[PDB]
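Below you'll find the structure, written out as structure tokens, and then a few comments.
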Amino acid sequence: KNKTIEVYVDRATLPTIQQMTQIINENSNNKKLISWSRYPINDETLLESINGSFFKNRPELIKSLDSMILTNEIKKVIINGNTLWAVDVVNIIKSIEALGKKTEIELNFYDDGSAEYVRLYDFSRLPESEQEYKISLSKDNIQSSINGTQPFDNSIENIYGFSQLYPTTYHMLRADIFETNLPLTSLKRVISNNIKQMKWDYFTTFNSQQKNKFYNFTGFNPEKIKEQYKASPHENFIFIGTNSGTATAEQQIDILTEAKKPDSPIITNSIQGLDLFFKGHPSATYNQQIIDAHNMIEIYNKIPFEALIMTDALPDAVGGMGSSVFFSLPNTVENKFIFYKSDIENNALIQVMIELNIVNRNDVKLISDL
Ligand SMILES: Nc1ccn([C@@H]2O[C@H](COP(=O)(O)O)[C@@H](O)[C@H]2O)c(=O)n1
Ligand SMILES: [Cl-]
Ligand SMILES: [Cl-]
Ligand SMILES: [Zn+2]
């Protein structure tokens, strides 16, 4: 009983990309069980190089996990998951504990995107006593879910409340959220020793083989985009697109025509004279309409922007639509404007982004502004 199994799960993309990067950085030979919704790995050479198995779904992964634990050889399981979707790690914990094999469990939660930060803002609006009360309930909430007596509510106090039960690290998009004007002292006390700031400078220390492993995992290689950046000597701008749940194609086309004016009263930070790139949202299907109307260099929409970040393929400047993308973007890239579908003072997404200095209050715009 000296073996550790590492479990990797995610429904989105950001935790997956960060999880891939940690696996590569650590280069451990522990057995790994992997289930990533957006990144099915069928590459057996890749999987063998990390000692991994891939599972198409959570119940299959759990089945293999449990049989391994039944061998009596498993000292510890490290579960790596998605904070918003902590429910998936709850069900993994439930299955391990049920077996009653005295398995050590340790947890790494990676933020999903903007949702955690919208929820943190909302939670910070609560009076302090109500925050403390919700927190007081969290340990029992989580334990009841693990015991199987109640469903799991992914409220702030619950998803950030696991360090009360297990050795837990929260890898956060912006760990410095607890150092803004938001009243979050109540939650900070719970997790202050359990927080890591997500890092994006791994490639600075990676050797070639590590870099190549990242390309192989993601199916992304930054060579084409890096050539596109340098093709012309002008500074590079990426427009961050959204999907129809937030904006129409026409509204984004209109935003781009306003931005191209050197003297807009709305978009004061002009994109005139820049090399313009369009990065579409992975789920948008109107990207060609926008790209054509503006003669923009296309960055394939299915590439998650965090792959651009991790591979150091960043532009000089950025602007566009309210998005999780802006939360992981390094602060060295200039943010010219963000448009929101939204009275901005009551908008949690806008306010958290202002508080984190992701965007100047003067550069926040509403789609109704054109
Ligand atoms: N233009 C965009 C918009 C979103 N995205 C990806 O989609 C994820 C979720 O973004 P949203 O919050 O915008 O839906 C981001 O973390 C990023 O991976 C992107 O890569 N390019
Ligand atoms: Cl350029
Ligand atoms: Cl769409
Ligand atoms: Zn140019």
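In this chain, numbering begins with 1 at the start of the sequence shown. The basis for the numbers below is simple: all heavy atoms, side chains too, and nothing from hydrogens, waters or symmetry mates.
Using a distance-only test at 3.5 Å, with no hydrogens or angles considered, a donor-acceptor pair links the side chain of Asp43 to the main chain of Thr45. At distances below 3.5 Å, not a single donor-acceptor pair connects side-chain atoms of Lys101 with backbone N or O atoms of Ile69. Listed for the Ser270 side chain is a donor-acceptor partner under 3.5 Å among the backbone atoms of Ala259.
Closest of all the heavy-atom pairs between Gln131 and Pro183 is NE2-O, 3.1 Å. Annotation for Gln228 and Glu298: closest pair NE2-O, 4.3 Å, computed over non-hydrogen atoms. Closest approach of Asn154 and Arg119 over heavy atoms only: O-NH1, 2.7 Å. Listed here is the closest heavy atom pair of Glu116 and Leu84: OE2-N, 3.0 Å. Closest of all the heavy-atom pairs between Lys213 and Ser49 is NZ-OG, 3.6 Å. Of all heavy-atom pairs between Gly245 and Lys341, the closest is O-NZ, 3.1 Å.
Taking the side chain as every heavy atom from C-beta outward, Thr169 and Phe109 never approach each other to under 4.5 Å. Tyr39 places a side-chain heavy atom less than 4.5 Å from the side chain of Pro304. The shortest distance between side-chain heavy atoms of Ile177 and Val352 falls below 4.5 Å. In this structure, the side chains of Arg125 and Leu182 come closer than 4.5 Å at one or more pairs of heavy atoms. Considering only heavy atoms from C-beta on, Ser244 comes within 4.5 Å of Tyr286 through its side chain. Contact annotation: the side chain of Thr103 never approaches that of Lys76 to less than 4.5 Å [non-hydrogen atoms, C-beta and beyond]. Side-chain contact between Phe327 and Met353: present, with at least one pair of heavy atoms (C-beta onward) separated by less than 4.5 Å. For the pair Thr13/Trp36, no side-chain contact is recorded, criterion being any heavy-atom separation below 4.5 Å from C-beta on.
Remark: the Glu128 side chain and the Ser186 side chain contain no N/O donor-acceptor pair separated by less than 3.5 Å. Neither side chain, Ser264 nor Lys260, offers a donor N or O lying under 3.5 Å from an acceptor on the other. No side-chain donor-acceptor contact under 3.5 Å links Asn347 and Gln351. Using a 3.5 Å distance cut-off with no hydrogens or angles, the side chains of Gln22 and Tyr202 do pair a donor with an acceptor. Between the side chains of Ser53 and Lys31, at least one donor-acceptor pair of N or O atoms lies under 3.5 Å.
Partner of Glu6 under the side-chain hydrogen bond (donor to acceptor under 3.5 Å, both in side chains) criterion, chosen from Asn30, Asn80, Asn51: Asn30. Tested against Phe55 for a side chain to side chain contact (heavy atoms under 4.5 Å, CB included), the candidates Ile34, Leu33, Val9 yield a single pass: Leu33.
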Test side-chain contact (heavy atoms from CB on, under 4.5 Å) applied to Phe278 and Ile297, step by step: CA-CA 6 Å; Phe278 181 81; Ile297 303 183; over 6 Å; no

Worked check of side-chain contact (heavy atoms from CB on, under 4.5 Å) between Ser35 and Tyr8: CA-CA 6 Å; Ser35 187; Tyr8 293 94; over 6 Å; no

Verdict with reasoning, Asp66 to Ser95, per side-chain hydrogen bond (donor to acceptor under 3.5 Å, both in side chains): CA-CA 7 Å; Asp66 291 351; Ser95 307; 4.8 Å; no

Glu355/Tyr121 under side-chain hydrogen bond (donor to acceptor under 3.5 Å, both in side chains): CA gap, chis, key distance, verdict: CA-CA 10 Å; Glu355 294 303 306; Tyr121 183 84; over 6 Å; no

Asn301 and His281: CA distance, side-chain angles, deciding distance, side-chain hydrogen bond (donor to acceptor under 3.5 Å, both in side chains) verdict: CA-CA 6 Å; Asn301 75 133; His281 193 288; over 6 Å; no

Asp343 and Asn346: CA distance, side-chain angles, deciding distance, side-chain contact (heavy atoms from CB on, under 4.5 Å) verdict: CA-CA 6 Å; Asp343 195 24; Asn346 301 134; 2.8 Å; yes

List the atom pairs, with distances to 0.1 Å, where a side-chain N or O of residues 305-320 and a protein N or O form a donor-acceptor pair under 3.5 Å, not counting sequence neighbours.
| unit_1 | atom_1 | unit_2 | atom_2 | d |
| --- | --- | --- | --- | --- |
| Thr311 | OG1 | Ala307 | O | 2.8 |
| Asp316 | OD2 | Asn236 | N | 2.8 |

Output side-chain donor-acceptor pairs under 3.5 Å for residues 363-370, partner residues at least two apart or in another chain, one line each.
| unit_1 | atom_1 | unit_2 | atom_2 | d |
| --- | --- | --- | --- | --- |
| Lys365 | NZ | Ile266 | O | 3.0 |
| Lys365 | NZ | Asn362 | O | 2.9 |
| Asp369 | OD2 | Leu366 | N | 3.0 |

Under 3.5 Å, sequence neighbours excluded: what are the donor-acceptor pairs made by side chains of residues 158-166?
| unit_1 | atom_1 | unit_2 | atom_2 | d |
| --- | --- | --- | --- | --- |
| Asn158 | OD1 | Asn141 | ND2 | 2.9 |
| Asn158 | ND2 | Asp153 | O | 2.8 |
| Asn158 | ND2 | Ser155 | OG | 3.4 |
| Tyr160 | OH | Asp111 | OD1 | 2.8 |
| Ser163 | OG | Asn194 | ND2 | 2.9 |
| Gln164 | NE2 | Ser138 | OG | 2.9 |
| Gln164 | NE2 | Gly161 | O | 2.8 |
| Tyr166 | OH | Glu97 | OE2 | 2.6 |

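One distance of note links CD of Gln197 with CD1 of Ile195; it measures 10.0 Å at 0.5 Å rounding. For the atom pair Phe54 CZ and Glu44 CD, the distance stands at 11.0 Å (nearest 0.5 Å). If you take CD1 on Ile93 and CD1 on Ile105, they are separated by 5.5 Å, rounding to the nearest 0.5 Å. Taking CH2 of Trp85 as the start and CG of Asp112 as the end, the distance is 8.0 Å to the nearest 0.5 Å. To the nearest 0.5 Å, atom CD1 of residue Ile240 and atom CZ of residue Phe339 are 14.5 Å apart. Rounded to the nearest 0.5 Å, atoms CG (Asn216) and CD1 (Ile50) are 11.5 Å apart.
Ring centroids of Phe206 and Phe214 are separated by 6.0 Å or more, keeping the two rings apart.
Taking 4.0 Å as the cut-off between side-chain N and carboxylate O, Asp176 and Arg174 count as a salt-bridged pair. Between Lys75 and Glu104 there is a salt bridge, with a side-chain nitrogen of the basic residue lying less than 4.0 Å from a carboxylate oxygen of the acidic one. Salt bridge annotation for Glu73-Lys3: present, with a cationic side-chain nitrogen under 4.0 angstrom from a carboxylate oxygen. For the pair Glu132 and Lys134, the salt-bridge criterion is not met [side-chain N within less than 4.0 Å of a carboxylate O]. The pair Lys230-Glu227 fails the salt-bridge criterion, with no side-chain N (NZ, NE, NH1 or NH2) lying under 4.0 Å from an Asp/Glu carboxylate O. Electrostatic pairing of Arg38 and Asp10 does not count as a salt bridge here, judged by no charged N lying under 4.0 Å from a carboxylate O.
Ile267 and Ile354 are assigned to two separate hydrophobic clusters, defined by single-linkage of ILVMFWY side chains at heavy-atom distances under 4.5 Å. Both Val89 and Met172 sit in one connected hydrophobic cluster of ILVMFWY residues. Membership requires side-chain heavy atoms under 4.5 Å apart, directly or through other members.
Within a 6.0 Å sphere centred on CD of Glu250, heavy atoms belonging to other residues, nucleotides or ligands number 12 at most.
Between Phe237 and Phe239, the ring planes are tilted. Angles from 30° to 60° get that label.
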